[PDB]
J.: 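Have a look at this one.
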Amino acid sequence: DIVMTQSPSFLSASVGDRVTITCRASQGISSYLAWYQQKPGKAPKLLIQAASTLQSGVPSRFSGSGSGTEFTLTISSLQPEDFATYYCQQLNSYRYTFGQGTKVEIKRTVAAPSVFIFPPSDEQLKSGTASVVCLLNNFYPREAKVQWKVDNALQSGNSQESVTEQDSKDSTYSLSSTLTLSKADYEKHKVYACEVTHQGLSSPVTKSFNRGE
Amino acid sequence: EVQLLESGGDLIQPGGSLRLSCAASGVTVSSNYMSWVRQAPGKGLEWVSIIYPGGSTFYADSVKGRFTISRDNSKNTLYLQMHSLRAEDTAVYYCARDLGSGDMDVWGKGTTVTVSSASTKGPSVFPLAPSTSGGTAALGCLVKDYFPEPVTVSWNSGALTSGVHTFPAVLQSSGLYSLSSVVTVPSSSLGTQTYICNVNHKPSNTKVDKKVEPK
Amino acid sequence: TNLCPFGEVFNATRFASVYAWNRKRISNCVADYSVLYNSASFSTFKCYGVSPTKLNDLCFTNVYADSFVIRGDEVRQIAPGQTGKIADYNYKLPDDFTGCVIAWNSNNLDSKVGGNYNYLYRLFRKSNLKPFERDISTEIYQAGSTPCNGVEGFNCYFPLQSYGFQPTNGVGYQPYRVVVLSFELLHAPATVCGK
Ligand SMILES: *[C@@H]1O[C@H](CO[C@@H]2O[C@@H](C)[C@@H](O)[C@@H](O)[C@@H]2O)[C@@H](O[C@@H]2O[C@H](CO)[C@@H](O)[C@H](O)[C@H]2NC(C)=O)[C@H](O)[C@H]1NC(C)=O
């Protein structure tokens, strides 16, 4: 069976850069390849058909080439809104085979997060659960470290985090961390804090509050 | 003027059945190669089935004998009948027009199929209230303990979009989902501009409007 | 008395496209089937309802040789009860088909460096062909609500698509020459027999 290997799986490039994604077929498939763009939370969009034909409604900075076993998708001037996953597809096959996909991230200037801490609502504590939330807003790069401390005591196993996809306009991320205690344990302590370390910060940032005030 | 509108996704228990629909306009379903393409959470694209303009049908191995693609010419609608559904059938299902060689230029917005034993539960929505740092402040909504995905959050019925971040949902140990949606605003507007998050959870037919204020 | 002209069919220099597949009637001759089943030059030799080596003791009223070029991937469609673009829209064998399907790799003849586009197949047709039906029309196919009136465009497609045979394709994409032999039994005197 013909296999389609796509490389690289991930790439980061700066706005204006020339980007090239490769799709290799395990044997000669002539020009029977299509390229798709899928932005997060959207259906895929057909960019190129027949290896090199630019589909109507695709910016001319997208271009395909290739024949036989090696095909390229080139973005000649990377834009922030080009953040997406890109897929190749072997055409004219019984199998309708897709490539694994290449995720394209925009490389932008290091941006420090803005940190906010949110106490649990009085309404939720009525149900017997406390959710403390730490927001890390608009930062780059994606790597960030959040530590929860409850009266100078590091927490473990009682928090979960989530990161937005890269913003399509400013290429930043945002991170959300939730610390979940029972109402009982929540009222045994006073100082609730999340400590953020990030490359954009010249020193770790602490956002705290005192349960009560 | 060409659109593929799909519906029929729901929470379904393993071994159950479900029929997805795809209403077309601008394209004539019966004259085209029409495919169903699905995508599991975080995974790539997987072709599922196709119906030729002449009526021949074909199916991927993983669904052969369980799914049945069909079409209703009078209603200009594509169908995907699923039986003996499995957990690995959980995905976002798209309908697409195949230009003939496999290249699909028209896609629908997709419909979500969750195959689980768990029952449906609507979300609890708690306020993330502002204190605020500098000239700008942060407020949000905690959307807690719902099942299954997805929910969608908007602010001020869709008027407030700048500075809005709705985070992807984390799966708690209880089996329920939690998710947060926040928006940064100027500190000055906090006392003279109301902020409401609109949480829509189709699987439970629930829609929650939470008014967020400071304390 | 005279020998059946199989060489004109199998050793023909140029072959038809599958949408315009070519039929030759073979009648009033002695058929030497040993020339075919004793050949090491075929990659597919499938017979239905009859045995190839046991064919010279049979008589027929007419023999029909249909021949065309298709992908290697698609020879599997030249058989009873198949579906796909070729069987549905180009060449359709009946379920009760009696005869033989013969195919050999012709990448040495039918592929060109920049790609050979002389061979076409029908991509768009509203319904399937009946067995042995033949469609060589070139009407613009209307894929949408609005009519085409002969103008190619969006939702208005030329029904024929080109193969484009390049010599470095994989086997499934290389051109294969196919010959389908049909054995006609009428309540009429025979004209084709083996030695
Ligand atoms: C297809 O042709 C081969 C070879 O044909 C040669 O060139 C032709 C134009 C013609 O002039 C032939 O006489 C030439 O030999 C045929 O293969 C030959 O078959 C005979 C038996 O009939 C055998 O004795 C020879 O050795 C074979 N020669 C070669 C080179 O293989 C073949 O029979 C032809 N196919 C059909 C269906 O007739």
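FYI, side chains are in, hydrogens and waters are out, and symmetry mates aren't considered; it's all heavy atoms of this structure. Each chain gets a letter, A, B and so on, in the order its sequence line appears, and its residues count up from 1.
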J.: Contact between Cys23(A) and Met4(A) at the side-chain level, heavy atoms closer than 4.5 Å - yes or no?
T.: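 Yes - at least one pair of side-chain heavy atoms lies under 4.5 Å apart.
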J.: Is a donor on one side and an acceptor on the other found under 3.5 Å between the side chain of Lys126(C) and the backbone of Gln142(C)?
T.: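 A pair under 3.5 Å: yes.
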J.: Measuring only between side-chain heavy atoms, which start at C-beta, is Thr112(B) closer than 4.5 Å to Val92(B)?
T.: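 Of all side-chain heavy-atom pairs linking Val92(B) with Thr112(B), at least one is under 4.5 Å.
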J.: Identify the two heavy atoms, one from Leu54(A) and one from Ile48(A), that lie closest to each other, and give their separation to 0.1 Å.
T.: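 Distance-wise, the nearest heavy atoms are CA-CD1, 3.6 Å.
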J.: Counting neighbours of CD on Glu139(C) that are heavy atoms of other residues, nucleotides or ligands and sit closer than 6.0 Å, is the number greater than 12?
T.: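 Result for CD/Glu139(C): open.
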J.: Would you indicate whether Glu88(B), at its atom CD, is surrounded by more than 12 heavy atoms from other residues, nucleotides or ligands within a distance under 6.0 Å?
T.: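 Yes.
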J.: In a check of side chain to side chain contact (heavy atoms under 4.5 Å, CB included) between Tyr94(B) and each of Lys109(B), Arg38(B), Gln39(B), which one passes?
T.: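 With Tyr94(B) as partner, side chain to side chain contact (heavy atoms under 4.5 Å, CB included) holds for just one option, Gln39(B).
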J.: Per the side chain to side chain contact (heavy atoms under 4.5 Å, CB included) rule, which among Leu73(A), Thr85(A), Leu11(A) passes with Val104(A)?
T.: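 When side chain to side chain contact (heavy atoms under 4.5 Å, CB included) is applied between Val104(A) and each of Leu73(A), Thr85(A), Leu11(A), only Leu11(A) qualifies.
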J.: Got a second to check how far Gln49(A)'s CD is from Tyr36(A)'s OH, nearest 0.5 Å?
T.: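 Going from the CD atom of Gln49(A) to the OH atom of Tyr36(A) covers 9.0 Å.
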J.: When rounded to the nearest 0.5 angstrom, what distance separates OG in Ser35(B) from CD1 in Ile69(B)?
T.: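 These two atoms lie 6.5 Å from each other.
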J.: When you check the side-chain N and O atoms of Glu105(A) and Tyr173(A), is any donor under 3.5 Å from an acceptor?
T.: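 Their side chains do contain a donor-acceptor pair, which is all the 3.5 Å distance test asks for.
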J.: Check the pair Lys85(C), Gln77(C) against side-chain hydrogen bond (donor to acceptor under 3.5 Å, both in side chains), reporting the backbone distance first and the verdict last.
T.: CA-CA 9 Å; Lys85(C) 290 173 203 182; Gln77(C) 290 180 50; over 6 Å; no
J.: Among all residues two or more places apart in sequence or in another chain, which pass the salt bridge (charged side-chain N to carboxylate O under 4.0 Å, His left out) test with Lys210(B)?
T.: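 For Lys210(B) the salt bridge (charged side-chain N to carboxylate O under 4.0 Å, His left out) partners, ignoring immediate neighbours, are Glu123(A).
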J.: Are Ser9(A) and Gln100(A) linked by a side-chain donor-acceptor pair shorter than 3.5 Å?
T.: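 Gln100(A) and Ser9(A) do have a side-chain donor-acceptor pair below 3.5 Å.
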J.: If you apply the rule ring-ring contact (aromatic ring centres under 6.0 Å, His included), what do you find for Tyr32(A) with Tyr173(C), and how did you get there?
T.: CA-CA 10 Å; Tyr32(A) 300 147; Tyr173(C) 289 96; 5.4 Å; yes
J.: What are the two closest non-hydrogen atoms of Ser56(B) and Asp88(C), and how far apart are they?
T.: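 Smallest interatomic distance, heavy atoms only, reads OG-OD2, 2.5 Å.
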J.: Does the side chain of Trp107(B) come within less than 4.5 Å of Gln38(A)'s, by heavy atoms?
T.: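 A side-chain contact under 4.5 Å is absent here.
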J.: Let's go through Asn138(A) and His165(B) carefully: what are the C-alpha distance in whole Å and the side-chain angles of both, what is the deciding distance for side-chain hydrogen bond (donor to acceptor under 3.5 Å, both in side chains) to 0.1 Å, and is it a yes or a no?
T.: CA-CA 10 Å; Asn138(A) 300 335; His165(B) 297 290; 3.1 Å; yes
J.: For the rings on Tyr19(C) and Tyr121(C), is their centre-to-centre separation under 6.0 Å?
T.: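 Not under 6.0 Å, so no.
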J.: Could you tell me whether the side chain of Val212(B) reaches within less than 4.5 Å of the side chain of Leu128(B), counting heavy atoms only?
T.: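 Not touching, per the 4.5 Å side-chain cut-off.
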J.: Picking from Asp209(B), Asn156(B), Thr152(B), what satisfies side-chain hydrogen bond (donor to acceptor under 3.5 Å, both in side chains) with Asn198(B)?
T.: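 Looking at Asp209(B), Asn156(B), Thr152(B), the match for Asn198(B) under the side-chain hydrogen bond (donor to acceptor under 3.5 Å, both in side chains) is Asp209(B).
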J.: May I ask you to check whether over 12 heavy atoms, not counting those of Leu171(B), lie within 6.0 Å of atom CG?
T.: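 For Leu171(B), atom CG is crowded (more than 12 foreign heavy atoms under 6.0 Å).
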J.: Can a donor-acceptor pair be found between the side chains of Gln172(B) and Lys144(B) at a distance below 3.5 Å?
T.: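 Side-chain D/A pair, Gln172(B) to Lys144(B): present.
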J.: State, yes or no, whether a side-chain contact exists between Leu179(B) and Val151(B) at a heavy-atom distance under 4.5 Å.
T.: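 Yes, close enough: below the 4.5 Å cut-off.
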J.: List the steps, then state whether side-chain hydrogen bond (donor to acceptor under 3.5 Å, both in side chains) holds for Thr72(A) with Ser65(A).
T.: CA-CA 6 Å; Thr72(A) 45; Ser65(A) 59; 2.9 Å; yes
J.: Check salt bridge (charged side-chain N to carboxylate O under 4.0 Å, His left out) between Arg61(A) and all other residues, then give those that pass, not counting sequence neighbours.
T.: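 Checked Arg61(A) against salt bridge (charged side-chain N to carboxylate O under 4.0 Å, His left out); matches are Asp82(A).
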J.: Verify side-chain hydrogen bond (donor to acceptor under 3.5 Å, both in side chains) between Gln161(C) and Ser101(B), making sure each step is shown before the conclusion.
T.: CA-CA 10 Å; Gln161(C) 195 49 234; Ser101(B) 311; over 6 Å; no
J.: Does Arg122(C) make a cation-pi contact with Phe68(C) (under 6.0 Å, within 45 degrees of the axis)?
T.: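 The answer is no; the distance or angle limit is not met.
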J.: In terms of heavy-atom contacts, does NZ of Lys211(B) have more than 12 from other residues, nucleotides or ligands at under 6.0 Å?
T.: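 Open: at most 12 neighbouring heavy atoms sit under 6.0 Å from NZ of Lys211(B).
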J.: Using a 3.5 Å distance criterion without hydrogens, assess whether the side chain of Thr74(A) forms a donor-acceptor pair with backbone atoms of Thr20(A).
T.: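 No; judged by distance alone, with no hydrogens or angles, the pair does not exist.
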J.: Report yes or no: do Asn155(C) and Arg97(B) form a side-chain donor-acceptor pair below 3.5 Å?
T.: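 Judged by distance alone, the side chains do pair up.
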J.: So for atom NZ, which belongs to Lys202(B), do other residues, nucleotides or ligands contribute more than 12 heavy atoms lying within a distance under 6.0 Å?
T.: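 Atom NZ in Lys202(B) is not packed in, count stays at 12 or less.
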J.: Would you call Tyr141(C) and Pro53(B) a side-chain contact if the rule is heavy atoms closer than 4.5 Å?
T.: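 SC-SC contact between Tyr141(C) and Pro53(B) confirmed.
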J.: Out of curiosity, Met82(B) CE to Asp89(B) CG, how far, rounded to the nearest 0.5 Å?
T.: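 The CE atom of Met82(B) sits 7.5 Å away from the CG atom of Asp89(B).
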